[PDB]
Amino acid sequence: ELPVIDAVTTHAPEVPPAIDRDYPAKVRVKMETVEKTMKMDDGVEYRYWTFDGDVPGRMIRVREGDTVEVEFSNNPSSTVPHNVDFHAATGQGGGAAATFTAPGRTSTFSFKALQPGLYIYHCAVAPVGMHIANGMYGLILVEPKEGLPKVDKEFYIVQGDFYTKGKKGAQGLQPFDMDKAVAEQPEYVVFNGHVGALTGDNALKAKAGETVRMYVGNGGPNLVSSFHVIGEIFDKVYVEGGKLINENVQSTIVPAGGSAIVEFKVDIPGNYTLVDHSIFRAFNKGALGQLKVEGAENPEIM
């Protein structure tokens, strides 16, 4: 019989603590879907559909071999059903059927995390593209039995493309636009659901000399990210989120409904900006994040 443990999940930029256990366990996770109106950009509002109050949903972290027990609830105020498809899960719809939950209801189901990796999870209620485009996606990290190398700083980042009826900048509550979605012409492309969610006062933080690891997901719906950090180079890249590691990469592809893990040492102070290098998305649509590094200057590097 398997041990029962409550999972530690985090709201985004934050990542749960590393797992210090060398045996399988039943990990209980609680998730709620809530529809709410939030700021997309200055003077722009959007009706997001979320996993636990924001975009992306809370990061889940378990160990290879663990059984993940999910208590899935859909808030009474929701207008449509919601569920969840874990790319980390093996079986019918990644758990979608088992978690189909009408508003004001609760569903429970479990699945075994048979393989390590960094997996996207997202709502799969029809129409699928709309539920995803409204913000229903997050990440679940399944650590290898032996764990991952220790690192000084960890960040949870998820890129998504959004389709607004009005063009980028149009004030007020902007409705989801089906036509632009099908045509794959988003108005906003962002990290963690909103323009500036990880920039300015919300910038990520690290200290010079610290090793950094970013768990980068791409919830889509449609765009593929040419992920890059201005002023830095990826020492390591877990290609497409898998076991294969590449090194000295400037820009990595993060598939739609996919992920990547990148690591780099920030040996010099300054502001590093995360971007989808399909450039106009970054400087015109909002795909821009910042990692502010405090510390002391080294002219030998620059």
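For every residue, the number given is its place in the sequence shown, counted from 1.
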property	result
Higher-B stretch (mean Cα B-factor, as the entry records it), 66-74 or 239-247	66-74
Greater mean Cα temperature factor according to the PDB record, 75-83 or 215-223	75-83
Largest Cα B-factor, entry values, listed residues 147, 196, 186, 135	147
Peak C-alpha temperature factor (PDB record), options 117, 93, 129, 160	93
Third assignment of residue 37 from its chain's C-alpha B-factors	middle
Third assignment of residue 107 from its chain's C-alpha B-factors	highest
For residue 192, the third of its chain into which the C-alpha B factor falls	lowest
Chain-relative CA temperature factor third for residue 13	highest
B-factor third for the C-alpha atom of residue 165 within its chain	middle
